[PDB]
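**Q** curious how this folds, go ahead:
(2 chains, ligands or ions: 11)
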Amino acid sequence: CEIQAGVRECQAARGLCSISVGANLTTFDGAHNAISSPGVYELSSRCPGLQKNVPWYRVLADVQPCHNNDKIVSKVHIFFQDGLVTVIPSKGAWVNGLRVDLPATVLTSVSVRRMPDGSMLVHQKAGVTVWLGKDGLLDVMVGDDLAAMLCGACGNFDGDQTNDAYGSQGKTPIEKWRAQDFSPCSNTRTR
Amino acid sequence: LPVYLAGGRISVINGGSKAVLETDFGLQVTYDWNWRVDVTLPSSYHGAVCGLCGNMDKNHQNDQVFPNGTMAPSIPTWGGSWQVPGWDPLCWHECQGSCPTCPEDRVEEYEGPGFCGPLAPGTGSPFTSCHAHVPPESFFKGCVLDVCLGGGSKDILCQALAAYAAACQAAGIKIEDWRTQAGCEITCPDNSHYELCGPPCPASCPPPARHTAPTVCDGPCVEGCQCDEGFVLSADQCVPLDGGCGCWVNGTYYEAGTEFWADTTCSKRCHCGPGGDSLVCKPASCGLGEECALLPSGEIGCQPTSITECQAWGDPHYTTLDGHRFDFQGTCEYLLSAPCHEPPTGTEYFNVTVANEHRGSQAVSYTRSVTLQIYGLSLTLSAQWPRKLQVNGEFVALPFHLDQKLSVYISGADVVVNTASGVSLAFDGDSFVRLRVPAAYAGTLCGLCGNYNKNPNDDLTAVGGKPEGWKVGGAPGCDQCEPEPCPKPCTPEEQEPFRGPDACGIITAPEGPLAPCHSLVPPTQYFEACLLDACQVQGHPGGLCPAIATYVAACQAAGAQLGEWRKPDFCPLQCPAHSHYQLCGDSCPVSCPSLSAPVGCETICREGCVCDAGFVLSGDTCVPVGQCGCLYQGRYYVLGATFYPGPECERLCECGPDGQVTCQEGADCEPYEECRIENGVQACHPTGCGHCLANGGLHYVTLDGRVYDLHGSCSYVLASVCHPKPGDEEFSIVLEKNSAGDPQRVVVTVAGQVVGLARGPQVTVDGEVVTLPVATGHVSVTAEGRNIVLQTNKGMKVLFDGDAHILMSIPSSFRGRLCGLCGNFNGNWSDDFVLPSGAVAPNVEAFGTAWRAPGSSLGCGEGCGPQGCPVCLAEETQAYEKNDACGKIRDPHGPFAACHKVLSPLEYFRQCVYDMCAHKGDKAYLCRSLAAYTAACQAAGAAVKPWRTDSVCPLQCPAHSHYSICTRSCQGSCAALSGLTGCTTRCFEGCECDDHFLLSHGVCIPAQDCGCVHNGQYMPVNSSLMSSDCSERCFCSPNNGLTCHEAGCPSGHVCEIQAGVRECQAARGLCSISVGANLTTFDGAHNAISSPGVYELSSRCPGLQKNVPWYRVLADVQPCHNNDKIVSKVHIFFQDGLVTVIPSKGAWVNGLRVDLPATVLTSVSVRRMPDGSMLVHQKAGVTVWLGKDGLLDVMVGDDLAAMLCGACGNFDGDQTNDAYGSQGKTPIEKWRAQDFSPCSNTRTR
Ligand SMILES: *[C@@H]1O[C@H](CO)[C@@H](O)[C@H](O)[C@H]1NC(C)=O
Ligand SMILES: *[C@@H]1O[C@H](CO)[C@@H](O)[C@H](O)[C@H]1NC(C)=O
Ligand SMILES: *[C@@H]1O[C@H](CO)[C@@H](O)[C@H](O)[C@H]1NC(C)=O
Ligand SMILES: *[C@@H]1O[C@H](CO)[C@@H](O)[C@H](O)[C@H]1NC(C)=O
Ligand SMILES: *[C@@H]1O[C@H](CO)[C@@H](O)[C@H](O)[C@H]1NC(C)=O
Ligand SMILES: *[C@@H]1O[C@H](CO)[C@@H](O)[C@H](O)[C@H]1NC(C)=O
Ligand SMILES: [Ca+2]
Ligand SMILES: [Ca+2]
Ligand SMILES: [Ca+2]
Ligand SMILES: [Ca+2]
Ligand SMILES: [Ca+2]
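**A** Numbering: from 1, shown residues only, chains lettered A, B, ... in the order given. Ligands and ions are numbered 1, 2, ... in the order given. Pasting the structure now:
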């Protein structure tokens, strides 16, 4: 929902990173790659060195077996500069570890709502907005203003496929983008 | 810029931003002024060439070869084999010491966009065409390696980018704009036309207008700024066409007028004035004992022939410039090296002043400070603040440079000032001032160092035999040494066993490490002064160090090799953090402009302590590399500093992160303060001061006027801030009469810090840790003899005699806002008597029943038996001798004081006669009244014949102490630091210990103690002090002082003040997670987790409304090390974010890595144990210890009783509820939080 041609309605936007339709990641520029392994992987972040008023946003997606081991997105941790917002399609929404009512505004300018179908939408003013589908399909939408500013798994917004797919990395950017904070150690488990 | 030697066609002609040399045989050498070099050969001597970069044989592999002709396996030795023949002191080919390799974790930030971004081979990056022209992989490694090793400043970033851009542009390929998108642009002067392509060899002004065209002048284009439009680019800048255009005599280019001496012999001035194109030449010279020579800058000029040195020893011992040694003692401020008259011929005054101070025993003077006035500017250096610079009454950062003069910088331990003239001053504190005076001055000098006419006998003859004639200013009582006339001169015989090697023996003829200086400088005259110091103070390292250190420094000045002279046992040296000792090192350490001073440097290796892996910032603190502050109008300001560049408090400018000077507009402040320069800071400071006197035990005085006699017997809030102010310091004053008027357990709370001052017996301020003999910080406490003085950072002060007498002096800007028992700040006592609700209670006892301080025990009784105790009312009518007793003491003919003339004694006379008649007489009441008034006169120093004469009142001292009504106990005592205000500008009653003595919190030691004086407090011998945040030990030892090795507390304990002393002890809150995978709850309970996953452990669950912040700890019980279910990470959900800690990696706050030893969020301390465990603490909250091996303990203060509810259960103390919280079995599964728990719902489905 963004004002277009002087009238307010919802229309297609340039920023579009869909996570796993059939477990395939379509980056900002057109790219394809299977996650191929369960776990939480970072997807986008306004990585430093640019100094723009866009707030530090760090989305993560727990790709987990969940419904019939189809690797659908189960929960969407969003690390806003002033806290962590966690959303799950089945249960409610958690802000800093506290349950909140679904139709409310939380943190700084963060709108959270539940679709009548059951999908959950979160939007940031002049920032990212995430649509988490009821069936477990996530779309990340970014305004056209952010051109080659965010850098993450979805890649830059420059419009070049070669850099977007591989960010100076030979293969498997997913494993490189696996954040260790929420990732279990699992180090020498069988040892 | 242009020069044509024409011998073989040697033409150095340069572009806008280059420096190009050209010869006949095509040597193309250019050099950018900031580390960019180019050397090009036109196949000249293709067969071979000796150099660091290739033999030009067309084979890269064969280049790695020694000059001898053999190959080299190692590049370090090979590179070092091509060095220039010459003397090379302190030249290391490689970093022999531990080199700070940049961490591998942060390379990602330096590699992404915004840092070496376009340099990466990306199609969308600017100048992507050059990727095909030149392979940038080598350039890519260099950019990240440079920035990661460096501090991360953007300067090196765009410097590397510009280097790559120019290198790839020289191939002739067009380059698109990059500076704007990268954020780093050039603020070129004049026209400043930043052209991506700009014509090289831009138009200049040929002096004779006849030259050939250089080959390099015809070629490809170059990026940069040109201002040739309008003004022509000539004379190394942009000049209007009718400029100087050189002097064009013999083809040499002398732009404008530089007053350059033509001949090398300096005999002719010959200033080339562009107006007439002629030489204004004078055949004269400077004369005056100075002759011209080739200056290091390159321009020849006058220079003094010889330099003479006058040094002032440490006790003092003064030598003369001619060479006369004498020694005196004094304390009045004197002059030093004052020119008799202003030098008539082009030379300024250089007079210096020196003050003297008493430390330790009497008849001992140390140099307090030195103030120098030169070229209309006055700057001072003092020992009280080391390694800091003060100029014209305000503090400035050390790297202070004036134009061609007054270049102040830090050299080793010393701070050195030097100017255009030969006069130079070096000061190190601890009584050593060195003044280098050029011979160019007159032979007559009216200075304390003496006239330098080269005659020792005539030195100090006009001043007389007494060296105290050169006196100026000074204290009102400097000349009067002591009530006993000038006591205790040391034994001239100096009968000491201190002639042995151990003390004052290494200075002269010990062989060993100090032998080599004997031939250089005679050590006898230096040796003699050490024994006097050993005499006055016996074997104390504090007095012994300065003499031998002065000898070492004076030795090092002449080139010499000195061995290891100081040892941990024998005069150890201390230094602030991030600093290590060095016997002799770099004379000129670097400052924020990362280079040494332009003056001669590294010529002497100097004793002192220097930083490591960090550069000296603002003359202290050894700040981490890459974080310099800002430079503003010639003044250096630390990053984050708030200051007013102009006077009158106009603009509050802030030192920005990347050196930006962020400035806004100030409001000139409330019209109660004035923007004044005091304490080295220009700011609005309060101008008014009031007083609140709680004279006696029960009697009070309002802030203004009538006294409200109150006979209450409970805790009452005297003064507190009633109307909050956005900017101010709060302070609550309470007088807790212990029982029916007992001496008050006074407590003060300033800036949220509780300073006790309560234990009036002796002197025992306790704040939080009762062992505070002498302490500073937010609050400074000074033992003014019997009295105790408390001072704030903002001027608020309060004096307590220790016997229930309080004198508060409040000067702070609280006009009107402040309210309480003292009253509001205004004209009448009626305003003071207003109540918060406006209901005036006629009974003064009712007043204060609302202003009652908490902490009363089982209530309190407010009133005498018969209220007002009228017994004394009737007795005084017939007891006219009772009023005759006190009054005659304070009547005008009775010379008790001179302050009763200044301040009428009527209030204290009434207090004396109103004291309990049944207790009245010459009793403790009368003695206390006299003592209280004579200790209240201390506010303004006045002559005060003693309040006690002979046997009339009783007073004594522990031992070895004499009584004197005029005593300055704040200095000349145990401590080596002073929190005095000139003893609050008062010499007072008390005990002054005699002969060899110290004053450790009342007790007197015969000068064998007080060697341990830390920054915080006085550490007595054989004692220890554990500082904040479990700073384990700062142990004091008799043999060695301040061996402050620090460590951490073991598991199962918390650092909390116990029994009046701060250390770490066991605490009631203890929930250990999985020793052998078993959870021990707050109350004693056992249960195995039995399943991997994250489980909540504690939370201040709602329904209680206590100020304890919402804390929600979680523990990822995971297989991890050998599937032993140890705790792997500890998420802590504080009310303002999530803090994640992992023993292996670092700490994350809101998803950002942070340095391990830092404070984050709201009052959350995070630290890493030296063993490797990680500890996190919350103020008045939970603290978690995560073991290195994966064992977690949760500690909660005893205050939280049955408030938190979680897996560990309540703190009620009942096991049955703690184990199961109304739950039949497995509370762990019930406590599994779903937020971080994976769904895993129907995975196998
Ligand atoms: C899988 O990737 C391919 C790429 O062509 C495409 O079909 C789609 O983006 C992804 N999903 C499915 C169901 O194919
Ligand atoms: C030349 O000098 C290098 C470095 O000192 C040495 O290693 C090499 O053996 C020398 N070669 C000859 C032939 O002297
Ligand atoms: C040193 O020179 C300054 C210059 O103003 C002068 O004020 C001061 O009095 C001089 N010092 C002495 C001791 O005369
Ligand atoms: C103080 O006295 C003056 C003089 O009468 C009066 O005007 C003023 O109101 C008094 N102060 C207060 C707070 O009433
Ligand atoms: C400190 O060291 C030992 C500890 O008992 C003792 O012999 C010595 O006298 C102590 N120092 C002082 C000044 O008491
Ligand atoms: C296991 O629980 C038992 C309870 O008695 C006790 O030994 C201990 O608290 C736990 N750990 C081990 C290693 O036994
Ligand atoms: Ca791209
Ligand atoms: Ca070669
Ligand atoms: Ca003389
Ligand atoms: Ca008043
Ligand atoms: Ca319990």
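
**Q** how about stretch A:52-71 and ligand 1, touching?
**A** No. In terms of Cβ under 6 Å from any ligand atom, no part of stretch A:52-71 sits within range of ligand 1; the closest distance is 11.1 Å. Backbone N, C-alpha and C define where each C-beta goes, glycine included.

**Q** first to last residue in that stretch, what's the distance?
**A** End-to-end distance for stretch A:52-71: 34 Å, by Cα to Cα, to the nearest Å.

**Q** helices of chain A, start to end?
**A** Taking DSSP state H as the criterion, chain A carries its helices at A:161-165, A:173-176.

**Q** quick one: contacts of the longest one?
**A** Residues from elsewhere that reach helix A:161-165, judged by Cβ atoms under 8 Å, 6 or more residues apart in numbering or on different chains: A:27-31, A:33, A:154-156, A:158, A:173, B:122-124.

**Q** hmm, back to that, make a markdown table out of the helices of chain A and add mean neighbour count and distance to ligand 7.
**A** Output for the helices of chain A, formatted as a markdown table (neighbours: other Cβ atoms under 10 Å in any protein chain shown; distance: least, Cβ to the ion, whole Å):
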| stretch | mean neighbour count | distance to ligand 7 |
| --- | --- | --- |
| helix A:161-165 | 17 | 3 |
| helix A:173-176 | 17 | 12 |
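
**Q** I'd like those written out as JSON lines, with distance to ligand 11 added.
**A** Shown next, in JSON lines, are these (distance: least, Cβ to the ion, whole Å):
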{"stretch": "helix A:161-165", "distance to ligand 11": "57"}
{"stretch": "helix A:173-176", "distance to ligand 11": "46"}
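
**Q** so which of the contacts of helix A:161-165 belong to strands?
**A** The strands, defined by DSSP state E, take in nothing from these.

**Q** please indicate which of these has the highest neighbour count?
**A** residue A:154 (28 neighbours; other Cβ atoms under 10 Å in any protein chain shown).

**Q** for the residue nearest to that one when sequence neighbours are not counted, what are its contacts?
**A** Once flanking residues are discounted, residue A:154 sits nearest to residue A:17: 3.9 Å by Cβ to Cβ, 6 or more residues apart in numbering or on different chains. If you count contacts by Cβ under 8 Å, 6+ apart, residue A:17 has them with A:25, A:26, A:27, A:28, A:43, A:44, A:139, A:140, A:142, A:154.

**Q** what bridges to residue A:17?
**A** With DSSP bridges applied, residue A:17 shows beta-bridge pairing to residue A:140.

**Q** beta-bridge partners for the residue at minimal distance from the centre of chain A, please?
**A** Geometric centre of chain A, nearest residue: residue A:59, 4.4 Å, by Cα atoms, centre = their mean. With DSSP bridges as the criterion, residue A:59 is bridged to residue A:44, residue A:78.

**Q** now do the same contact list for it.
**A** Residue A:59 touches A:42, A:43, A:44, A:45, A:76, A:77, A:78, A:79, A:128, A:130, A:140, counting by Cβ under 8 Å, 6+ apart.

**Q** mind listing residues that contact stretch A:131-140?
**A** With Cβ under 8 Å, 6+ apart as the contact definition, stretch A:131-140 has outside contacts at A:15-21, A:43-44, A:59, A:61, A:66-67, A:70, A:72-74, A:76, A:87, A:89, A:115, A:117-122, A:128-130, A:141, A:154.

**Q** which ones are touching the nearest residue to residue A:20 once chain neighbours are set aside?
**A** Nearest non-adjacent residue to residue A:20, counting by Cβ to Cβ, 6+ apart: residue A:71, 5.8 Å away. Neighbouring residues of residue A:71 by Cβ under 8 Å, 6+ apart: A:20, A:23, A:35, A:38, A:63, A:64, A:65.

**Q** could you do residue A:99 as well?
**A** Residue A:99 sits in contact with A:92, A:93, where contact means Cβ under 8 Å, 6+ apart.

**Q** who does residue A:112 bridge with?
**A** Beta bridges link residue A:112 to residue A:104, residue A:122, judged by DSSP bridges.

**Q** got the phi and psi for the residue nearest to residue A:20?
**A** Main-chain torsions, residue A:71, degrees, to the nearest 10: phi 60, psi 30.

**Q** so residue A:118 makes contact with residue A:89?
**A** Yes. Residue A:118 is in contact with residue A:89 according to Cβ atoms under 8 Å; the separation is 6.5 Å.

**Q** who's in contact with the closest residue to residue A:147 other than its chain neighbours?
**A** Of all residues not flanking residue A:147 in the chain, residue A:157 sits nearest, at 4.9 Å (Cβ to Cβ, 6+ apart). Going by Cβ under 8 Å, 6+ apart, residue A:157 touches A:14, A:15, A:28, A:29, A:142, A:146, A:147, A:148, A:149, A:150.

**Q** I'd assumed residue A:44 was in contact with the fifth one.
**A** Yes. Look at residue A:142 against residue A:44 with Cβ under 8 Å: they come within range, at 7.5 Å.

**Q** now the common contact residues for these two.
**A** Joint contacts of residue A:142 and residue A:44 (Cβ under 8 Å, 6+ apart) are A:17, A:128, A:150.

**Q** closest to ligand 7 among those residues?
**A** Nearest to ligand 7 out of those is residue A:150 (Cβ to the ion; 10.8 Å).

**Q** I figured the closest one hits residue A:142, correct?
**A** Yes. Contact between residue A:150 and residue A:142 holds when scored by Cβ under 8 Å: they sit 6.7 Å apart.

**Q** please enumerate the shared neighbours of these two.
**A** Residues within reach of residue A:150 and of residue A:142 at once, by Cβ under 8 Å, 6+ apart, are A:44, A:157.

**Q** can you tell me which residues contact the closest residue to ligand 5 within chain A?
**A** Proximity of chain A to ligand 5 (Cβ to the nearest ligand atom) peaks at residue A:185, 50.0 Å away. By Cβ under 8 Å, 6+ apart, the residues touching residue A:185 are B:1118, B:1119, B:1120, B:1128, B:1129.

**Q** how near is it to ligand 10?
**A** 68 Å (Cβ to the ion, to the nearest Å).

**Q** cool, and residue A:116?
**A** From residue A:116 to ligand 10 the distance is 67 Å (Cβ to the ion).

**Q** from ligand 3, how far out is that residue?
**A** Distance, residue A:116 to ligand 3, by Cβ to the nearest ligand atom, to the nearest Å: 85 Å.

**Q** tell me the phi and psi of that residue?
**A** Here is the backbone geometry of residue A:116 (degrees, to the nearest 10): phi -60, psi -30.

**Q** so residue A:60 touches residue A:39, yeah?
**A** No. Contact between residue A:60 and residue A:39 fails when scored by Cβ under 8 Å: they sit 10.2 Å apart.

**Q** what sits against whichever residue of chain A sits closest to ligand 6?
**A** Nearest residue of chain A to ligand 6 (Cβ to the nearest ligand atom) works out as residue A:191 at 20.5 Å. For residue A:191, the contact set (Cβ under 8 Å, 6+ apart) comprises B:1121, B:1122.

**Q** try 10 Å this time
**A** By Cβ atoms under 10 Å, 6 or more residues apart in numbering or on different chains, the contact set of residue A:191 is B:1119, B:1121, B:1122, B:1123.

**Q** now, which of those sits nearest ligand 9?
**A** For the contacts of residue A:191, the nearest to ligand 9 is residue B:1121 (81.1 Å; Cβ to the ion).

**Q** any idea how far ligand 2 is from the closest one?
**A** According to Cβ to the nearest ligand atom, residue B:1121 and ligand 2 sit 50 Å apart.

**Q** can you pull the phi/psi pair for the residue in chain A that ligand 11 sits nearest to?
**A** Nearest residue of chain A to ligand 11 (Cβ to the ion) works out as residue A:97 at 23.6 Å. As for residue A:97, its main-chain torsions (degrees, to the nearest 10) stand at phi 100, psi 20.

**Q** alright, that wraps it up for me.
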